[PDB]
Structures are given as structure tokens and as C-alpha cells.
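This document opens with one chain alone, in C-alpha cells, the form deposited in one PDB entry.
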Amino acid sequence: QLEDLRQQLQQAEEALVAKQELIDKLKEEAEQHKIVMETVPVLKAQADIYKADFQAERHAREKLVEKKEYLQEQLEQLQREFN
């Protein structure tokens, strides 16, 4: 009865230790994961800037194709009026 308890106590002591080492390992993982997660806002803002640069570029390019067409028609209509 008594040496059973003593040996149960000893297992509980080793289990305390093995749980605390798991906790310590989980804590140091959260540390390195915090670094990785702190890159995220920057990567988000990067994606945002390229998106904005791409959308402004596309829009400026579609405008310019329409202006080119427009100038070409004016060059031709100004010729007709020339003659």
C-alpha cells in the first residue's frame, strides 16, 4: 500500500517535469512563430501596393489606347477638312 503510493508519487513528479518541458517547448515555438507572423502585415501591404500599381497602370493603358485611336481619327478628319 505504502510503497505503491511512493511509486505513484514518483510518477507524478516525473509527469510534472515532462509536462513542464512540453510547456517550455510550446513557449519557444510561439516565440519563433511570433517572428514569422510579424512579417505578415508587410507582405499584405506589399501585395496591396502592387495591386494598386497594377490597377492604375491598366487604367492608364486603356485610356491611352482610346486617346491614340482618338488622335488618329482627328488627324484623318483634319485632312478631309484640309482638302
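When you see a residue number, it is the position in the sequence shown, counting from 1.
Note on 61 to 69 vs 10 to 18: mean CA B-factor is higher in 61 to 69. When the two stretches 28 to 36 and 49 to 57 are set side by side, the higher mean Cα temperature factor goes to 28 to 36.
Separately, the form deposited in another entry exists; it is not shown, and the next lines address it.
Look at the two-part rigid motion between this form and the one not shown: residue 5 goes along with residue 23.
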